[PDB]
Amino acid sequence: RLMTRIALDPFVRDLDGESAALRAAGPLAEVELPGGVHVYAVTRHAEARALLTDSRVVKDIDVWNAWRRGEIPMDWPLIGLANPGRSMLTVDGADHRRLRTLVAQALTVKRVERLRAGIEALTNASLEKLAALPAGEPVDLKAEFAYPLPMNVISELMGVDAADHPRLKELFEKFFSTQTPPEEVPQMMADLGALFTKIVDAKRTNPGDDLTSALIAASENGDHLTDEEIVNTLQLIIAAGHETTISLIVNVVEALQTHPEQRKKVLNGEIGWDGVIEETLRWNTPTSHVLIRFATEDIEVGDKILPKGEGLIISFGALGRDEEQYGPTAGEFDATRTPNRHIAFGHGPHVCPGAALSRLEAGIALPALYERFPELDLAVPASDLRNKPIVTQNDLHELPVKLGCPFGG
Ligand code: HEM
């Protein structure tokens with residue numbers, strides 16, 4: 001019954017081809033994660049949503065056969081995604097609701113509107129650094145704009161100091177890469193954990209108006225989050241700032257630089273920016289695979305069975321171009337697509353609580369970019385953009401652009 005097992009390429013050489021093969025193998029495809037670990041992937045939309053709201057599908061790693069049997073090495077480069085420490089991400093039920101509420105409450109659409117002016121300030125400061133670089137030479141818009149801006153917005157929300165950014169960057173590049181030697185993995189996990197522990201100890205004795213301090217202050221407060229849950233939660237929040245928000249900005253520029261008719265309409269005001277962002281989230285999503293869930297008993301998925309104790313990944317890149325959900329134009333980027341009920345942010349109880357923040361950041365960064373630099377284009381052919389060796393995220397090595405001369409519109 002199952003089509004041939006798909007091995008996810010550790011080098012991410014052909015993400016679009018892999019995505020199309022996952023869709024054809026759906027709704028439940030056998031796959032191999034790098035390091036040789038067999039799991040199932042849900043690769044169609046309607047079945048992903050059903051699985052993500054099924055209480056028989058859990059985050060409890062002791063349910064996983066492969067873990068119980070000793071076949072997942074602790075120095076697997078994906079260990080940090082497959083077995084993260086206790087936090088809202090790794091529990092279900094009432095534990096989950098306790099561990100989520102405060103963070104979700106700080107990040108509603110309204111609490112996030114109040115960060116707008118602070119985000120506008122950091123965006124204009126990043127733009128002044130661009131335009132202050134040597135005119136006419138290519139710039140790497142990822143390292144000079146798309147990386148630093150979301151890292152600053154998220155650091156400021158959580159009160160991380162800028163002196164910690166260089167080591168965070170280096171550690172996160174190892175945490176996400178398939179090429180981190182197993183022998184390096186243990187010390188990377190210890191370093192990340194020691195660095196977040198140190199940040200949380202400092203905030204305890206030196207509060208700020210930042211969300212970490214608010215998590216700490218719900219202490220004399222029916223006990224609420226343990227020290228370890230706060231540290232693990234901080235780590236999880238800050239990993240977004242080195243990953244998904246950067247990718248959304250990069251992928252929006254890449255979509256616009258390859259669809260010149262829509263580009264023109266967007267810079268006009270005939271298609272709104274919000275729609276461009278939503279269609280990028282659907283069509284070229286920042287998170288290719290969401291790790292990882294486990295079946296507490298056999299589950300029907302289409303005509304297949306997800307067996308008890310097996311692992312499940314959600315293949316969002318694949319299912320973002322699902323014709324059953326969006327019709328026969330599902331394959332194409334169309335920024336006016338209107339029912340666009342993608343699940344780039346997940347679905348069910350673990351649905352991204354930061355989604356409104358990421359929309360607000362990209363919705364400010366991107367108009368400000370192209371208002372200041374209305375002839376922005378890629379300095380390389382679009383086909384020469386390449387993915388980093390990060391099997392679960394859709395990230396580019398560089399986004400070389402010609403800014404092409406400031407102001408106006
Ligand atoms: C474009 C940006 C982003 C994308 C695409 C994204 C995507 C995701 C997805 C798919 C999940 C679900 C994981 C699962 O079901 O196992 C998730 C969870 C999460 N995201 Fe986001 N995310 C983004 C930005 C952010 C931001 C800015 C924050 C800031 C706080 C954040 C915090 C979280 C947290 C804490 C969870 C765990 C929620 C839970 O388990 O209840 N993310 N994200």
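Side-chain atoms are counted along with the backbone in the values below, which use heavy atoms only and exclude waters and symmetry mates. All residue numbers refer to positions in the sequence shown, counting from 1.
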Looking only at atom types and distance, does a side-chain atom of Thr245 sit under 3.5 Å from a main-chain N or O of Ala240, one as donor and one as acceptor? yes
Considering non-hydrogen atoms only, spot the tightest contact between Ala146 and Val250 and give its length. CB-CG2, 3.7 Å
Sub-3.5 Å donor-acceptor pair from the side chain of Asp161 to the main-chain atoms of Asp164, do we have one? no
Just to verify, what does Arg341 make a salt bridge (charged side-chain N to carboxylate O under 4.0 Å, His left out) with, not counting sequence neighbours? none
Say whether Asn387 and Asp395, considering side chains only, have a donor N or O and an acceptor N or O under 3.5 Å apart. no
Hey, does the side chain of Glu18 reach the backbone of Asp9 with a donor-acceptor pair shorter than 3.5 angstrom? yes
Correct closest heavy-atom pair for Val112 and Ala356 would be CG1-O, 3.8 Å
Could you tell me if the side chain of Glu144 sits less than 4.5 Å from the side chain of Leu141, heavy atoms only? no
Using a strict 4.0 Å threshold on nitrogen-to-oxygen distance, state whether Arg386 and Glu398 make a salt bridge. yes
Charged N to carboxylate O under 4.0 angstrom, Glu229 versus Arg86? yes
For the residue pair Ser155 and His165, confirm or rule out a side-chain donor-acceptor distance under 3.5 Å. yes
Are the side chains of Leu52 and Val290 in contact, using a 4.5 Å heavy-atom criterion? no
Counting heavy atoms not belonging to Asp209, are there more than 12 under 6.0 Å from its CG? no
Measuring from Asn251:CG to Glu254:CD, what's the distance to the nearest 0.5 Å? 6.0 Å
Look only at the side chain of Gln262 and the backbone of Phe333, and say whether a donor-acceptor pair between them is shorter than 3.5 Å. yes
In plain terms, say whether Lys198 and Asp201 are close enough for a salt bridge, that is, a side-chain N and a carboxylate O under 4.0 Å apart. no
According to side-chain hydrogen bond (donor to acceptor under 3.5 Å, both in side chains), who are the partners of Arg321, at least two apart in sequence or on a separate chain? none
Other residues, nucleotides, ligands: >12 heavy atoms within 6.0 Å of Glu324 CD: no
Would you check if the side chain of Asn394 reaches a backbone N or O of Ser288 as a donor-acceptor pair within less than 3.5 Å? no
For a quick test of your reading: what N or O donor-acceptor pairs under 3.5 Å do the side chains of residues 27-45 make, sequence neighbours left out?
unit_1: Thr43; atom_1: OG1; unit_2: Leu22; atom_2: O; d: 2.8
unit_1: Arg44; atom_1: NE; unit_2: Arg23; atom_2: O; d: 3.3
unit_1: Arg44; atom_1: NH1; unit_2: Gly26; atom_2: O; d: 3.4
unit_1: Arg44; atom_1: NH2; unit_2: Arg23; atom_2: O; d: 3.0

Any side-chain heavy-atom pair of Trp273 and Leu267 under 4.5 Å: yes
Show the atom names and distances, to 0.1 Å, of all donor-acceptor pairs under 3.5 Å that link a side chain in residues 167-175 to residues at least two apart or in another chain.
unit_1: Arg167; atom_1: NH1; unit_2: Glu170; atom_2: OE1; d: 3.2
unit_1: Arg167; atom_1: NH2; unit_2: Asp191; atom_2: OD2; d: 3.0
unit_1: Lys174; atom_1: NZ; unit_2: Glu184; atom_2: OE1; d: 3.1

What residues, two or more places apart in sequence or in another chain, satisfy ring-ring contact (aromatic ring centres under 6.0 Å, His included) together with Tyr147? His242
Applying ring pair (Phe, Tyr, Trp, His ring centres under 6.0 Å) as the test, list every pair that has at least one member in residues 377-409; sequence neighbours left out. none
Measure from the side-chain N and O atoms of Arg293 to the backbone N and O of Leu312, and report whether any donor-acceptor pair falls under 3.5 Å. no
Please find the pair of heavy atoms, one from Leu234 and one from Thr212, that lie closest to each other, and give the distance. CD1-OG1, 3.8 Å
Hits for salt bridge (charged side-chain N to carboxylate O under 4.0 Å, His left out) against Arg337, two or more places apart or cross-chain, chain-then-number order -> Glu279
Set of salt bridge (charged side-chain N to carboxylate O under 4.0 Å, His left out) partners for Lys59, sequence neighbours left out: none
Value for CG (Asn83) from OG1 (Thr90), rounded to nearest 0.5 Å, stands at 9.0 Å
In terms of heavy-atom contacts, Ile343 and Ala48 come closest through CD1-CB, 3.9 Å
Just by modelled atom types, is the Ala255 backbone N or O under 3.5 Å from a matching donor or acceptor in the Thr258 side chain? yes
To the closest 0.5 Å, what do you measure between CZ (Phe316) and CG (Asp322)? 13.0 Å
Are there more than 12 heavy atoms of other residues, nucleotides or ligands under 6.0 Å from atom CG of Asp384? yes
How long is the straight-line distance from CZ of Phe294 back to CG of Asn65, given to the nearest 0.5 Å? 10.0 Å
With heavy-atom distances below 4.5 Å as the criterion, would you say the side chains of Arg372 and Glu128 are in contact? yes
So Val185 and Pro73, do their side chains get closer than 4.5 Å, heavy atoms only? no
Regarding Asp334 and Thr336, is there a side-chain donor-to-acceptor distance under 3.5 Å anywhere? yes
Looking at side-chain heavy atoms only, is the closest gap between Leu366 and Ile249 below 4.5 Å? yes
Applying side-chain contact (heavy atoms from CB on, under 4.5 Å), can you list everything that pairs with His96, at least two apart in sequence or on another chain? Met88, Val91, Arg100, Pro349, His350
CD1 on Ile237 to CG on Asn232, rounded to 0.5 Å: 11.5 Å
Side chains of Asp16 and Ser19: any donor to acceptor distance under 3.5 Å? no
Which residues satisfy the side-chain contact (heavy atoms from CB on, under 4.5 Å) test with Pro134, sequence neighbours excluded? none
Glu278 backbone acceptor or donor facing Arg359 side chain under 3.5 Å: no
If you compare all heavy atoms of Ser87 against all heavy atoms of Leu236, which two are closest, and at what distance to 0.1 Å? OG-CD2, 3.9 Å
Looking at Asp54 and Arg56, is any side-chain nitrogen of the basic one under 4.0 Å from a carboxylate oxygen of the acidic one? yes
To the nearest 0.5 angstrom, please state how far the CE atom of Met189 sits from the OG1 atom of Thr180. 8.5 Å
Quick check against the 3.5 Å criterion: does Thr285 have a side-chain atom that pairs as donor or acceptor with the backbone of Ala344? no
Please check if the distance between the ring centroids of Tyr326 and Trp283 is under 6.0 Å. no
Partners meeting salt bridge (charged side-chain N to carboxylate O under 4.0 Å, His left out) with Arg263 (sequence neighbours left out): none
Closest heavy-atom contact between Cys405 and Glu375? SG-OE1, 4.2 Å
Can any side-chain N or O of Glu323 pair as donor or acceptor with the backbone N or O of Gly331 at less than 3.5 Å? no
Using the side-chain contact (heavy atoms from CB on, under 4.5 Å) criterion, which residues pair with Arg116? Sequence neighbours excluded. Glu113, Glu120, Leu360, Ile364
Given side chains that start at C-beta, do those of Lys203 and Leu211 come closer than 4.5 Å, heavy atoms only? no
Please check if any side-chain donor atom of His289 sits under 3.5 Å from a side-chain acceptor atom of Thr392, or the reverse. no
Would one find more than 12 heavy atoms of other residues, nucleotides or ligands at under 6.0 Å from atom NZ of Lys265? no
